[PDB]
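Below is one structure, written out as structure tokens, with a few remarks after it.
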Amino acid sequence: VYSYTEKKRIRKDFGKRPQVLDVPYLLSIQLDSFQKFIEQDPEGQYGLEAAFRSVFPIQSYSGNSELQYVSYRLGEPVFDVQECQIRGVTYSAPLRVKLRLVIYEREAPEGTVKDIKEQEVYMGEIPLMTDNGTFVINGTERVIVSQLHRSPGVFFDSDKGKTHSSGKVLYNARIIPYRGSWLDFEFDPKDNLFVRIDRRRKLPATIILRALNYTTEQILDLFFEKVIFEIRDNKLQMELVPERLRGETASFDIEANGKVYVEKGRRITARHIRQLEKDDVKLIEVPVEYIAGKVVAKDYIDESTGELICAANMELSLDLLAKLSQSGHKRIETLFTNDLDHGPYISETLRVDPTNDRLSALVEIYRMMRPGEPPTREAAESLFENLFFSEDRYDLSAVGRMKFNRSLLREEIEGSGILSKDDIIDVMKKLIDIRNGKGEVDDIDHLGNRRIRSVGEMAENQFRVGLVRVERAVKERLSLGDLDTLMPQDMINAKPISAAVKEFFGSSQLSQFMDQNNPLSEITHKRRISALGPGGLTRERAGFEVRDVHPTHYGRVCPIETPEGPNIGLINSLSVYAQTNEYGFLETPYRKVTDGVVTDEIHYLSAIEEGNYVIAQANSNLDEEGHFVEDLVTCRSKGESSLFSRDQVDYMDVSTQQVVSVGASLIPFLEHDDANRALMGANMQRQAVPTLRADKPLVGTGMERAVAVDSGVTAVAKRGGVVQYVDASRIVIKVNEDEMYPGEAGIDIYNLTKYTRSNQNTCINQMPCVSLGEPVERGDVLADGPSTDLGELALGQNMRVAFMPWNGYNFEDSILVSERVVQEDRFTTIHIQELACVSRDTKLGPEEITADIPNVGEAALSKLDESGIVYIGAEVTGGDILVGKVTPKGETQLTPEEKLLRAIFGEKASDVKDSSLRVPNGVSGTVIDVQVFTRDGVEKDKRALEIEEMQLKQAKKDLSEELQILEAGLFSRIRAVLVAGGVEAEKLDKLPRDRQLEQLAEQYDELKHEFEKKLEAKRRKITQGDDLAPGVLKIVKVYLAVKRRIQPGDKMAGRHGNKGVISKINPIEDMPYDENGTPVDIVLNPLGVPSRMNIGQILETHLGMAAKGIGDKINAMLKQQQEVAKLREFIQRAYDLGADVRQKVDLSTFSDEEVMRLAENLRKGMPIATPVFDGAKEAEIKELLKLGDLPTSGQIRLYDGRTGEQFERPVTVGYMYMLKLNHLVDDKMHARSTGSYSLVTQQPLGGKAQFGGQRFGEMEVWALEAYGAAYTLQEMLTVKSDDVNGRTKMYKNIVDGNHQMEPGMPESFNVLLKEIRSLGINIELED
Amino acid sequence: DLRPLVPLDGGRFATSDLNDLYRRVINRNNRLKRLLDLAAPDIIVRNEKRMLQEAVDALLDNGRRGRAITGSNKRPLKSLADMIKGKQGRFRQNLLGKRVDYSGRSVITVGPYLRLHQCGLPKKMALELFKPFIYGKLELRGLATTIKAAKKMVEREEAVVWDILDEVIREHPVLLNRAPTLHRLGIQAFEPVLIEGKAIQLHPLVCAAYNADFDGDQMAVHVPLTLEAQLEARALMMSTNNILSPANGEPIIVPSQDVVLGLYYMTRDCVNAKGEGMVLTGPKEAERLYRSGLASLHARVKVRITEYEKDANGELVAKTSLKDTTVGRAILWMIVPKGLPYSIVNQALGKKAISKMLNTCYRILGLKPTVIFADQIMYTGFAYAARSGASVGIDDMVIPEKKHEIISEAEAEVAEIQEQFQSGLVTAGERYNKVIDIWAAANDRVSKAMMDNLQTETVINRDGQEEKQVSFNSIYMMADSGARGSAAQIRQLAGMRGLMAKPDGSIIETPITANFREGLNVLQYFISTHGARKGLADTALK
Amino acid sequence: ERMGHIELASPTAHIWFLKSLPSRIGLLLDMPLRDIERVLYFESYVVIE
Amino acid sequence: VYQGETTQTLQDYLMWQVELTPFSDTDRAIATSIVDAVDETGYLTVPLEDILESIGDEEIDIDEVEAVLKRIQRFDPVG
DNA sequence: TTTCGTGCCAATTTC
DNA sequence: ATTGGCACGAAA
Ligand SMILES: [Mg+2]
């Protein structure tokens, strides 16, 4: 089953593994995020609802009134996307929010509702996302890039001995909220716990506990297990737990039941512990020195004296033991602090801790956060409460709470957004457990610890940022009591919200101009992940480990698509099948393997879930029922891969291309390329410029259609039907009767984009690919965009290539190109440039755009129309006038000289200047479009009226088509009734069409009225004036189109990392040729293959040769008229070739017309698909070569075009897919002799556009110093630079034929002297 | 004039940072003067004095004390110290380096026809770069009587200004520079040749000094103006003066790639080639036979060779003898100067042999014969590399027939050691080390088998016997000559890729047992990406 | 090349000779930098005689 | 930071043409005086007697000033 | 009291 | 980030 678009030209697929999951829609990451932001959520988890509920209700300090949020709504945009791009405005919708103000009474319990007033208010404009995932901010498309940031929660890390000279690991924990302040707990080389707040001065870790209303006994009970000493009238008879003595040496004699298990000088072993457990040894006799180090837990007070004998957390001595013995105490509580497992850290911290109450801790915290001011109990309490326990300043979001609970091994997922005492205590306990040796630190580069934040979430955050300022303004203005007269509309102002939204969507770090070289550039830009941006990393502070490939990237982040340079590893690309959780974690699909057979149910697993299973590889053999045939299956288990049994497999990969991205899946024979060259080719593939004619790859992977259709460059049928009208600029489809809505003329009108300018000054142009009367279905391609051929991506051209050295012209990546390639315009591109002329208002009257310029000649005004604007189609060069403008300079004073001048030459010439728009030097092209924008209230000129009539004609034509269809239907209804009533049909056929019946006449009148209203509305929109700027009267934009041809110095590339520069254009009779006299197009150097190890280009060349041979056979069969049976037999042989491939093409179901159309499309070579890691084998390539009567080795004998002598060895000749990159030597060449200089430094400016000079930096100065070229260096430093007098002396000397200089002093040194003197330092030259 | 105001469209005369700081200082000073005049209370004048102190501190050095004051867009204002210091300060931006006049830049292509002292300069660039010289030359010969006449003539680009330009650029060096200039060989002087197009043509032999390749590199060109600068360019910076490395004294004009491949191909012998065994009068007869298709470039023949040696006083004395050589070696002998022995070419010439030949020529004869010899070597290498027709195909990467058995035996040994581990005889780390050693031995065996199969071929003798000679495989020829490729890369092409390491550094125990001719699967490719990106990141960050 | 001047109403310390780590004023007067800053920014007094 | 760009005015163009014309020192001083007294519309704003006075040398007559003015009037633009 | 350990702060990072 | 120098506090 093939669609109409695919049935015209079927691409032969060499894939062998059946598809179980279809490639998803490639732009879901943008559309889903923005829809979550915009759609109204009844519960309010995401979007504008959450932002509104997180601020409202807003109440005054006195509590007399509050503002309550009800609902919100988005209005219809004034203009659509195309109108916004034409005018240069934002595509946005107005936000109307229903607020409600309530008034409460006094001298009543709680608040009595005196009055409630509800009204909707205008909150500003929200930019809208288009159908292709972009934003039109100022007439230009923009993309907001998703961000890979650190997830909220608690993370445990360490330093691997790098901080300390002794190489001791110091563990730490950090709590990071979504909104709030960080909380750090860290260890010391002395093993003391410390707490840090907001990355500020270190504090002991017991300060926070004391501020949380904890006493010393409670802290010791929390962090230690009590040991009970009972004074059984004989030397402190002891109860012993056998497990306590593990890895311990007895410093005394341990005996039980009259038997000495452990003697003096003997340690305790595991067998001894087992014996003690078996015998249930409890009673133990210990000496008085066994307490010489034991630390008391609680406080003991003598009953009689009533004084405090000792404080908590202090080791006891002999005197203290005697005092407690004589005081009649029979219970002692101690802490078990063995140095092996239960290290004494909290006790040491308490020893370090000076504070012993709750207020001193608050004072210390207040002084740490806000030093240099007196402490107050109320202020300190408020600060501590607001730090971590205020829902308005601290938020541990749902993902943050989930991660917190998962790290603490809790059960519940839901929870509160603020910290509590239990959370901090558990974090401390887990850190101490990690210190003791039971626990692991977290891997921060693990993709389970990193989150994806998209455009909707960032927009919500910025909206809340504006909304809190709005709340502050409301609370400031709500103190005044005037509740009987004010209204919510005048109470709130939308300026902060609109400003925040504008600054997010226009000048953010992750908001960028869309890359529009080709559809692949746009797809890659919209699927891009960045670690930079606000709240991310810095490319200087990043490091090596964050830039590395992690195992968890498998199936989620492409490992071979990242820029090379400072941003390597920081900008990533999404994989083909990757998704995100509801928490923003990347996940990938897998097939579930049950009872040893691979099923077809798909589960999306994240990085945390993935590592708990054994997942089989994609390149794993199966059977007719789905059983592994290899006894040792290669699988990934715990971030590592190894061989596993057939019954230990849990999941399997869905595809062999789920690990690469969209750009890397378009490289054929990727598995034969080195990874560095694969990265280079993936980067180079998305900077190719579209040419005049599109050429399908002829060797592909099968992903071209997905890229072409999921991009918005093509015209895709919304409904099925028949092509009623087809034209170079519009398509009209007559929709089928079963897809039409009631009471509707069913037609779809598609207006094609014709020769418009992209963000890269290239051409965007759509061409129809359907014919008149042919059937179409939903989803079919109607028109091809740039770099698209019949619905497939086509980035380059197919070139006949030979790999051999040719006289040094392909030395070091150089490329030798034939003259026929230039003659056939195969790499010719169109570039469009825009120029603007702005007419403003001055004090001496306004500037006038006109053709009556006095000072210029009659020839220079030949290209201007009556309105002073250049004609459409005019060929212009540098210096020509495009828009004629004059600036007033009139003044009342008139000397006799001015009177004579005006009398002789006329008054128009005087009191006016010439500020016309001219073509910049070195610029040429053809005027293809002129746009005029006029301020409202200003008289329109003739050109603007002509443009308006042009715009009105198209809308009139569309409305006329719809009205014509509707009136034809209505008259068909009228005629049937008229005949049924009984009339003569001939009189109806003779009379004109003016002609129950009254009801249909009323319907006719209503239809006419409705279409007149539509036309009037469209005319009113078209004739609407512009709002340009303060003081701007008129704007005129001119578009120039030029064609660039291929030439030496232009950069060419393939898809396998092979790039080069054209060195020579070789005439046709100089190129190598084969036995039939066919020359090659391009000669490439073979020496570039073995060192780079990009073997995929040789295989691609051989397969392209085979495909072109099949196409040659088809073309030869077409030229001599052959019966359709022969053609379909040969094409069936071609499609059936392969080794158990998954594609079945049956031409018996094809009609003769369809077969002939396919054969006509296949006469330039049969396209072939080789999926990545599932491509063709060399045996299949050789079979296809044998089918087309070509040498199996892929090498033929060539002859020298200059001598006719055969080369001594066979040469690899075939077809490659070449790309023209946007690095044109036309933009690179620049020279300067003299020009303009800076005002301050008096040095030449920089840049080709400024006609600037080349910088002679410090390294060049060092190179000249190492040569000894003192005069060349002094000439560089003064005469070619900021030395003003020598500059003019040298020019005069050179013109006179005297090559000598007088150096002088540079100006920048004088500037430096003045700047140093401005600092109050006396610096001067002496002698 | 050192702190100017910025005029923009619409009449907005915006102020700079220094003017703002000066305005703040002046406002505070005026308010303080008025307050001191009016005898204000001390509590107010103290605050005003503190604010004046802060304003002066912000003017002199903004941000050194306290918090830096910001402008309209939340960015701190630039003070005098910020102008003095830093990478964007006066010293490093305007005094230690600066932009200059009479300079241009563009993309570089290759000129294989050029001599070592010549460059290819576009004439559109040269017309702009040499404009005052053209004005002077136009006025000197009466074509233009004033400066505006010459200016208009050059603007119109008349047919005579091109003759004037070719006259004025005749012997006038230009300096070519490629960034970064890591050493003094990054700037060199060349004599221009006016060419059509927009790209600069660079001599191949100087590409190593610049560290340049023809895939997008750009170069800048500067014009010396005074006589001293021109003579310094000719006598110090000229390419023909820079043939030894100042760092270590090694040569820097080493031929590479296509030249090495061509010279290696022509100076090789085949066992049974066309025209073998005939006796020739000299190299000219050898070339005459080769061009006629009567003898092969590799046929082993006897040639009468005359060689000159420098006497004790220093005179060249000639000795003539019959030598056993090949046709290609005799043909190449016509390029060597007269002071060298014939044994320097009677061998297969790799990269090292060609460098040795150049060094011997420089040591025995001097500088001018050496540069002439280098140009002739480059020309001959290019010509015969073109004539050879050397290509690369899929059949060149020959997989050894014994690789599968080696892999199976290694897998069996690994299974045996794993079973021994599961039996409790061995520990974990020692088993890991044993597995690593097993795979290393297997990789070494595969590499040895691949190289043994690749490096030899079988040929038919004159009688009809079988001999073994050095292989004419294209990949083997490229690797053996030193033109391109090493043993490790050929091993990756035709043998197993071997063991891979994690980003931390630990070796993954199971290796990639596939080469690039039969591609890797998904897991092996993902494993290789680790080392690929580690190397790329190190290169980017060092 | 022509400079102007401003007559300050009250003396002001140069920040280069105060905030550079080997403080010239602090070393010359043999006083800590904190006390000098406190006096300069009108936060404490210092006895002159 | 902002610095700006130098612009070439009518007087700058006239002085550039004066520098590249074979004048003597006295003729060059007279030409500098003449170019100084030229307004934006290209007309001489002072009589030749004022220029002769501004020269400051008493051995120069009005004929030399007239000849230098005639030479300058043929610069670009003519007139 | 004098000497040594320890925290704070400034300056550096391509073209 | 890293490194070096200066203040501050604690050791014998
Ligand atoms: Mg390069």
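Per chain, numbering begins at 1; letters A, B, ... match sequence-line order.
Here A:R1255 lies out of heavy-atom contact (under 4.0 Å) with every strand. Residue-level contact check: B:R178 touches neither bases nor backbone, having no heavy atom under 4.0 Å from any strand. Contacts of B:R92 with the nucleic acid, taken as non-hydrogen atoms under 4.0 Å apart, involve only primed sugar atoms and P, OP1 or OP2. Contacts of B:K542 with the nucleic acid, taken as non-hydrogen atoms under 4.0 Å apart, are absent.
Of the side-chain N and O atoms in B:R64, one or more sit less than 4.0 angstrom from OP1 or OP2 of E:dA11. Contact annotation: B:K87 reaches the phosphate of E:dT14 (side-chain N/O to OP1 or OP2, under 4.0 Å). When the side-chain nitrogen and oxygen atoms of A:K190 are compared with OP1 and OP2 of E:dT6, one or more of them lie within a distance under 4.0 Å.
You'll find that the side chain of C:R34 is closest to F:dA7, out of F:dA7, E:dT14, E:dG7. Listed nucleotides E:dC15, F:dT2, E:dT13 differ in distance to A:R541; the shortest reach to its side chain belongs to E:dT13.
If you measure from atom CD of A:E1260 to atom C1' of E:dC15, you get 9 Å, rounded to the nearest angstrom. Separating the CZ atom of A:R199 from the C1' atom of E:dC8 is a distance of 15 Å, rounded to the nearest angstrom. Nucleotide E:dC15 holds its P atom 13 Å from the CG atom of B:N177, rounded to whole Å. Whole-Å rounding puts the C:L21 CG to E:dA10 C1' distance at 5 Å.
Salt-bridge annotation for A:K1059 and A:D813: absent, with no side-chain N of the basic residue lying under 4.0 Å from a carboxylate O of the acidic one. Residues B:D215 and A:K1051 are not paired through a salt bridge, judged by the lack of any N-O separation under 4.0 Å between the basic side chain and the carboxylate.
Across all strands shown, F:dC6 forms a Watson-Crick or G-U wobble pair with E:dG7, both key distances being under 3.5 Å. Summarising the base pairing, E:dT13 is matched to no nucleotide, lacking a Watson-Crick or G-U wobble pair whose two defining distances lie under 3.5 Å.
In this structure, A:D188 and C:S20 both approach DNA chain E, and ranking their closest nucleotides by distance from the 5' end singles out A:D188. Both A:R196 and A:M1259 lie near DNA chain E, and the one whose nearest nucleotide falls closer to the 5' end is A:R196.
A side chain to side chain contact (heavy atoms under 4.5 Å, CB included) with C:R34 is found for exactly one of C:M31, C:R38, C:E37, namely C:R38.
Remark: the A:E373 side chain and the A:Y366 side chain contain an N/O donor-acceptor pair separated by less than 3.5 Å. Judged by distance alone, the side chains of A:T355 and A:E364 never bring a donor and an acceptor atom under 3.5 Å apart.
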